[PDB]
Amino acid sequence: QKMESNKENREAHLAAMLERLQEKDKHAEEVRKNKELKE
Amino acid sequence: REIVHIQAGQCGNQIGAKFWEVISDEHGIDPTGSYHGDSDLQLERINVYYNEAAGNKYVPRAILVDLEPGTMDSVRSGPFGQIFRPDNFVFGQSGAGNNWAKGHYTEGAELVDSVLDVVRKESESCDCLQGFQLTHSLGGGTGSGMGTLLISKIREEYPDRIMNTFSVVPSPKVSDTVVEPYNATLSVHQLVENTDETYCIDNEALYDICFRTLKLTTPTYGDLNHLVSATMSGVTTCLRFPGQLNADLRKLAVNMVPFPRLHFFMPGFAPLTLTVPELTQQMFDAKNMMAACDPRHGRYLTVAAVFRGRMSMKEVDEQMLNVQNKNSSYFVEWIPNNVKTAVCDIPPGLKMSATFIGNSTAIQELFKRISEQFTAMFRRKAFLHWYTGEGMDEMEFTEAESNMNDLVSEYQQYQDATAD
Amino acid sequence: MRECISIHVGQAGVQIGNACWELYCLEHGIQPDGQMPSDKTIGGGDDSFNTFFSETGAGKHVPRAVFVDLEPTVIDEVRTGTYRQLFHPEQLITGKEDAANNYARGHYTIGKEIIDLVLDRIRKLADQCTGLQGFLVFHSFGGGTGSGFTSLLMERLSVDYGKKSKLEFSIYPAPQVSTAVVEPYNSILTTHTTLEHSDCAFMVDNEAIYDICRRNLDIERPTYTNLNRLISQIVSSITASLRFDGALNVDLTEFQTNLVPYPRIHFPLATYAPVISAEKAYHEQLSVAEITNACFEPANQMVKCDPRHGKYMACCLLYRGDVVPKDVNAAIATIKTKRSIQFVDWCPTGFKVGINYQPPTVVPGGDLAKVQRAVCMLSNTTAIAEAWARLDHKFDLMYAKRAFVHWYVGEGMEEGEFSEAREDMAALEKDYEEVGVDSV
Ligand SMILES: CNCCC(=O)N(C)[C@@H](C)C(=O)O[C@H]1CC(=O)N(C)c2cc(cc(OC)c2Cl)C/C(C)=C/C=C/[C@@H](OC)[C@@]2(O)C[C@H](OC(=O)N2)[C@@H](C)[C@@H]2O[C@@]12C
Ligand SMILES: Nc1nc2c(ncn2[C@@H]2O[C@H](COP(=O)(O)OP(=O)(O)OP(=O)(O)O)[C@@H](O)[C@H]2O)c(=O)[nH]1
Ligand SMILES: Nc1nc2c(ncn2[C@@H]2O[C@H](COP(=O)(O)OP(=O)(O)O)[C@@H](O)[C@H]2O)c(=O)[nH]1
Ligand SMILES: [Ca+2]
Ligand SMILES: [Mg+2]
Ligand SMILES: [Mg+2]
């Protein structure tokens with residue numbers, strides 16, 4: 001039970017870190033697109 | 001084991017090159033990468049920073065990055081310039097013109113993929129990568145904007161590794177480029193979320209040390225970087241030489257970072273160019289800090305002290321206990337035993353030296369000073385069109401300011417906190 | 001028959017194991033190559049030293065020992081050092097990345113990757129035993145591997161060996177030689193998870209050993225080498241009853257019957273004498289009465305606490321060298337009339353005595369004088385709970401602000417494990433108060 005609970009929790013900590021980093025790459029696409037449609 | 005070093009932009013590459021010159025001399029590595037030293041202690045942990053090549057050559061695990069070729073041509077011509085791996089030079093032609101948005105979103109995004117190709121090549125041949133250290137300034141466009149983009153991309157591919165920065169904070173006393181506070185605030189917003197440990201190297205403090213203490217009427221970048229290279233040698237001693245304490249990046253982070261966002265360290269050095277009592281008093285003196293913060297204006301969460309040279313370990317222990325006992329008000333009572341001491345036998349042209357790493361709530365003085373200069377410009381939207389021109393919205397400046405003001409509040413919260 | 005397997009975990013466990021095995025080789029006349037000329041039975045036997053040493057057909061005496069660390073640099077010094085030929089390579093187990101002073105990394109993230117291999121190597125030692133008695137586990141409380149990997153291993157050994165005895169030698173943290181701010185977290189987490197899996201634990205306070213080295217051996221600034229030589233003498237006194245024969249010799253298991261009144265109350269206080277420099281020992285012979293008297297001086301204890309302010313539940317004296325029962329009994333009678341020795345009302349007051357005739361040995365280049373007689377006192381005193389109270393207080397200061405807790409949560413741990421571990425320590429502190437109250 002402890003090693004399963006631990007594996008789950010660690011994987012959820014990392015998945016959320018990657019979700020935050022993927023939203024930055026999403027926001028960066030939006031900024032480079034905003035520059036294009038300004039010109 | 002292995003650390004991968006990245007140096008980004010003009011400042012990053014200038015302080016980066018001095019770092020490699022200084023630690024190559026300490027490890028007995030010459031400019032052709034040959035070992036000509038006199039001690040086994042020099043080679044025991046050489047693999048932390050150097051790769052071994054054909055013919056017992058040592059090659060820095062170093063990647064050199066800029067959007068402008070000029071500074072990297074001068075590195076290649078610098079004394080240790082031939083020691084770097086030629087394929088580890090990654091440069092564009094455009095430049096960033098001190099514009100964070102060009103470094104982070106437009107010019108830098110074009111170059112970042114070829115930097116990651118080199119990072120991946122260095123990372124893949126590591127027995128067991130500890131993580132990364134980046135040297136950069138926060139006041140320009142490449143080191144600031146592209147530096148923080150690289151951190152975000154490296155973290156996406158190596159999320160379980162430690163990310164460490166040597167981050168040079170801007171001052172009106174050294175550059176008269178007026179958008180530096182914008183670039184520094186936008187950079188701090190990235191560093192708060194995406195680094196584990198940041199050494200705050202304040203150009204304000206380096207200028208004041210060169211002027212007031214070392215009596216240099218007209219400090220150059222050369223004079224500033226002499227202080228930076230001595231500090232950087234000091235704070236990496238425990239990573240590079242056999243030893244007990246903070247001997248790898250994760251162990252340092254676990255000793256120094258009680259809350260994930262409060263990872264901005266005030267480095268110190270003594271003597272500024274000596275008995276153990278004098279080293280100890282000087283390394284804790286406001287005048288010896290590489291961040292323009294008075295430690296008596298806050299409290300220490302955590303401290304690492306590193307003594308270098310042949311000296312009495314008994315005298316070092318007694319003096320380190322003396323400073324804590326006599327200054328007990330400036331160490332939070334709810335982190336017991338929060339000051340750790342290392343002694344390394346190899347000194348840096350000195351018989352003895354002390355390097356100080358502090359996680360002090362007084363670091364809020366550095367962020368408040370940047371925040372004041374940011375607001376003075378941002379309230380009149382001065383020069384914003386250079387940033388909106390690259391696709392950024394005003395709201396991203398508002399968010400960066402709020403997050404840096406939140407960081408200040410958080411240092412203040414732990415400063416006021418009490419055990420009872 | 002009656003084999004004991006030693007398991008040395010992490011830097012402290014490994015460096016203390018190096019000092020213990022060096023000393024056992026010198027005590028039994030075993031050379032660094034494993035040869036023992038005095039042993040006439042080649043390739044096996046059931047002599048008392050065979051509890052700790054197996055024998056190859058080539059006459060090599062091999063420690064019944066596994067060394068485990070999650071990084072290689074400490075065990076690499078055993079692999080290339082003076083005693084490199086003593087150990088088969090498969091007894092020396094290393095990973096690539098350590099637990100970074102984090103219990104959660106030692107128990108879960110890094111530890112899970114090597115635990116099946118370690119149990120494999122331990123099984124290989126167990127399979128060569130005709131009557132395995134149990135395990136001796138050496139570790140720090142403070143390190144990530146010493147704390148978290150040891151907890152994992154002790155849990156897995158309870159599963160694979162059921163109720164086989166597990167004894168610990170546990171290094172309790174001191175600020176003079178500590179390497180991590182989070183040692184109190186690691187200490188409480190491992191004490192909580194290990195407590196149901198351990199039969200008997202000897203705590204060694206680095207601060208008590210540090211002070212004994214400074215005060216009694218005149219070492220200005222003790223190193224691990226200084227501390228470990230002294231610790232090895234105390235460990236050797238405790239295991240001497242398993243490794244030597246003699247008429248007056250009393251097996252450690254028989255002392256354990258007296259030392260553990262309730263399963264949780266299993267932390268004996270060790271006190272060792274004499275600890276004396278060669279310069280002070282010269283023409284000063286310490287008698288049975290002097291070394292016995294020195295066992296009731298708090299300054300000679302392995303854990304800092306004051307037994308004069310608690311109650312005894314047991315007192316055992318393990319003598320080695322030139323000691324006869326007459327001199328012991330006169331020493332004890334004198335001490336009873338003079339010292340603050342108060343037993344709980346439910347325990348008999350008799351001191352239990354063992355004598356092993358083989359005198360103490362010292363390691364060349366050591367700080368300790370070679371003496372004709374020595375003693376280790378093992379007492380079960382309520383005063384040992386002071387050591388828990390000190391660690392619990394440091395835990396509470398940091399945990400009230402959740403200082404450093406994100407390093408544990410990042411590795412998959414929950415806050416609930418912290419509060420559960422701390423509650424178990426509160427209940428332990430309370431158990432030590434209760435056993436000291438008089439019967440109604
Ligand atoms: C007037 N001695 C020249 C000063 C100089 O060369 N500097 C410091 C330049 C490079 C500079 O950074 O100008 C900044 C402003 C500044 O610090 N000062 C001293 C300045 C500089 C100028 C006029 C000024 O008004 C009197 C002032 Cl106050 C002169 C101007 C507009 C230079 C613009 C250069 C752009 O390159 C094509 C830039 O580098 C600017 C860049 O965007 C970019 O993408 N690239 C944006 C973000 C920079 O915000 C700015 C504007
Ligand atoms: N007596 C003694 N204490 C030691 C020794 N080595 C380390 N310690 C203590 O043990 C604690 C640190 O744990 P270590 O054993 O170094 O750590 P580890 O088990 O290797 O764990 P990680 O390095 O975090 O993977 C501190 O309290 C140290 O003072 C040693 O040789 N002797
Ligand atoms: N201490 C120090 N600061 C520098 C150096 N070079 C540039 N800076 C500072 O860096 C900031 C500008 O960033 P720079 O590295 O020049 O821009 P980039 O090349 O776009 O990253 C300013 O605050 C400068 O004062 C240097 O060699 N040493
Ligand atoms: Ca035999
Ligand atoms: Mg520049
Ligand atoms: Mg270790």
Side-chain angles (χ1 to χ4, degrees), chain B residues 243-248 250-251 254-255 337 340, chain C residues 8-20 28 30 34-50 53-57 59-62 67-75 77 94-107 109-111 114 138-151 169-184 186-187 190 203-210 212-213 222-232 234-235 302 391 407:
Chain B
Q244 275 304 303
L245 177 72
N246 292 336
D248 69 65
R250 192 173 299 276
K251 274 190 188 190
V254 169
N255 276 344
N337 307 109
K340 297 303 179 207
Chain C
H8 304 276
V9 178
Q11 175 178 299
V14 165
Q15 297 187 146
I16 290 165
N18 281 335
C20 289
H28 296 292
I30 298 161
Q35 297 294 312
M36 180 177 174
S38 82
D39 179 14
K40 306 315 189 194
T41 51
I42 314 299
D46 55 11
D47 296 300
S48 282
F49 63 79
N50 291 119
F53 293 89
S54 61
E55 295 185 46
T56 68
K60 179 181 273 201
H61 296 65
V62 176
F67 289 64
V68 201
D69 202 359
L70 300 189
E71 63 116 347
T73 61
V74 181
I75 285 179
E77 283 188 23
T94 54
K96 290 183 166 304
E97 197 180 3
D98 63 28
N101 292 317
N102 187 335
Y103 172 96
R105 279 168 74 81
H107 197 280
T109 314
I110 309 306
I114 205 170
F138 299 74
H139 67 107
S140 73
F141 277 163
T145 300
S147 67
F149 188 74
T150 302
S151 276
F169 292 88
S170 299
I171 308 310
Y172 175 112
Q176 295 87 342
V177 291
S178 74
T179 44
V181 182
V182 290
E183 284 191 55
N186 294 335
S187 301
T190 195
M203 284 189 297
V204 186
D205 180 358
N206 264 352
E207 190 155 11
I209 303 311
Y210 193 86
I212 288 163
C213 287
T223 68
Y224 287 143
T225 307
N226 301 135
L227 304 185
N228 289 355
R229 279 171 176 167
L230 178 49
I231 296 159
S232 56
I234 296 144
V235 173
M302 269 196 137
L391 225 38
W407 289 110

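Each chain gets a letter, A, B and so on, in the order the sequences are listed, and its residues count up from 1. Note that ligands are numbered from 1 as they come in the structure, with each ligand's atoms numbered from 1 the same way. Both backbone and side-chain heavy atoms feed into the values below; hydrogens, waters and symmetry mates do not.
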Inset, instruction - Just let me know how C:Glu183 lines up against ligand 2, side chain, backbone, both or neither, with a heavy-atom cut-off below 4.0 Å. - result: side chain
Legend entry - 4.5 Å side-chain heavy-atom contact, C:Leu230 and C:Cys213: yes
Legend entry - Contact check: C:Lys40 to the Ca ion (ligand 4), N/O/S below 3.0 Å: no
Legend entry - Beyond-backbone contact of C:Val181 with B:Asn337, side-chain heavy atoms, under 4.5 angstrom: no
Inset, instruction - Indicate whether the side chain of C:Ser178 and that of B:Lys340 have a donor and an acceptor atom separated by less than 3.5 Å. - result: yes
Legend entry - Residue pair C:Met36 / C:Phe53, side-chain heavy-atom distance below 4.5 Å: no
Legend entry - Structural part of C:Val74 in contact with ligand 2, heavy atom criterion under 4.0 angstrom: neither
Inset, instruction - Determine whether any heavy atom of C:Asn101 lies closer than 4.0 Å to an atom of ligand 2. - result: yes
Inset, instruction - Would you check whether C:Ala12 has a nitrogen or oxygen atom less than 3.5 angstrom from a nitrogen or oxygen atom of ligand 2? - result: yes
Inset, instruction - Tell me whether C:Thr41 has at least one N, O or S atom under 3.0 Å from the Ca ion (ligand 4). - result: yes
Inset, instruction - Identify, for atom 19 (O) of ligand 2, the protein heavy atom at the shortest distance, and state residue, atom and that distance. - result: C:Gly146 N, 2.7 Å
Inset, instruction - Please check if any side-chain donor atom of C:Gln176 sits under 3.5 Å from a side-chain acceptor atom of C:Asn206, or the reverse. - result: no
Inset, instruction - Check each atom of ligand 2 against the heavy atoms of C:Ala100 and keep those under 4.0 Å away; list them by number with element. - result: 24 (O)
Legend entry - Contact atoms of ligand 2, heavy-atom distance to C:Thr179 under 4.0 Å: 12 (C)
Inset, instruction - From atom 10 (O) of ligand 2, work out which of C:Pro222, C:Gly144, C:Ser140 has a heavy atom at the shortest distance. - result: C:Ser140
Legend entry - Polar atom proximity, C:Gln15 to ligand 2 (N or O, under 3.5 Å): yes
Inset, instruction - State whether the shortest distance between N or O atoms of C:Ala99 and N or O atoms of ligand 2 falls below 3.5 angstrom. - result: yes
Inset, instruction - Give the contacting part of C:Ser147 toward ligand 2: side chain, backbone, both or neither, where contact means a heavy-atom distance below 4.0 Å. - result: neither
Inset, instruction - Specify side chain, backbone, both or neither for C:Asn206, according to which of its non-hydrogen atoms lie closer than 4.0 Å to ligand 2. - result: side chain
Inset, instruction - Name the option, out of C:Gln11, B:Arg250, C:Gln176, that contains the heavy atom nearest to atom 20 (O) of ligand 2. - result: C:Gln11
Inset, instruction - Would you check if C:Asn186 and C:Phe141 make a side-chain contact, meaning some heavy-atom pair closer than 4.5 Å? - result: no
Legend entry - Those atoms of ligand 2 less than 4.0 Å from some heavy atom in C:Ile231: 1 (N)
Legend entry - Donor-acceptor pair between C:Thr41 and C:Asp39 side chains, under 3.5 angstrom: yes
Inset, instruction - Could you grab the distance from atom OG1 of C:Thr145 to atom CD of C:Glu71, nearest 0.5 Å is fine? - result: 8.0 Å
Inset, instruction - With the side chain counted from C-beta on, respond yes when B:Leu245 and B:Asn255 share a heavy-atom pair under 4.5 Å apart, and no when they do not. - result: yes
Inset, instruction - Give a yes or no on this: more than 12 heavy atoms of other residues, nucleotides or ligands lie within 6.0 Å of atom CD of C:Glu77. - result: no
Inset, instruction - Answer side chain, backbone, both or neither: which part of C:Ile171 comes under 4.0 Å from ligand 2, heavy atoms only. - result: side chain
Inset, instruction - For atom 17 (O) of ligand 2, find the nearest protein heavy atom and state the residue, atom name and distance (0.1 Å precision). - result: C:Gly143 CA, 3.3 Å
Inset, instruction - Determine whether C:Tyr224 and C:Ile16 make a side-chain contact, defined as any pair of heavy atoms from C-beta on separated by less than 4.5 Å. - result: no
Legend entry - Backbone N/O of C:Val14 and side chain of C:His8: donor-acceptor pair under 3.5 Å: no
Legend entry - Presence of N, O or S from C:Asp47 under 3.0 Å of the Ca ion (ligand 4): no
Legend entry - Closest protein heavy atom to atom 30 (C) of ligand 2, given as residue, atom name and distance to 0.1 Å: C:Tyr224 CD2, 3.4 Å
Inset, instruction - Among all protein heavy atoms, pick the one closest to atom 29 (O) of ligand 2 and tell me residue, atom and distance. - result: C:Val177 O, 2.8 Å
Legend entry - Nearest-option assignment for atom 25 (O) of ligand 2, heavy atoms, candidates C:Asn228, C:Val204, C:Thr145: C:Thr145
Inset, instruction - Rounded to the nearest 10 degrees, what's the angle OE2 of C:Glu55 makes with O of C:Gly44 at the Ca ion (ligand 4)? Could you check? - result: 80°
Inset, instruction - List every atom of ligand 2 that sits less than 4.0 Å from any heavy atom of C:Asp98, numbering the atoms from 1 in the order shown and giving each element. - result: 23 (O), 25 (O)
Inset, instruction - Using distance alone, with no hydrogens and no angle criterion, decide if C:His139 and C:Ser147 have a side-chain donor and acceptor under 3.5 Å apart. - result: no
Legend entry - Residue-ligand contact B:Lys251/ligand 2, heavy atom below 4.0 Å: yes
Legend entry - Heavy-atom check, side chain of C:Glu97 versus side chain of C:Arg105, under 4.5 Å: yes
Inset, instruction - Check whether any side-chain heavy atom of C:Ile114 sits under 4.5 Å from a side-chain heavy atom of C:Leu70, and report yes or no. - result: yes
Inset, instruction - Classify the contact between C:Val9 and ligand 2 as side chain, backbone, both or neither, using a heavy-atom distance cut-off of under 4.0 Å. - result: neither
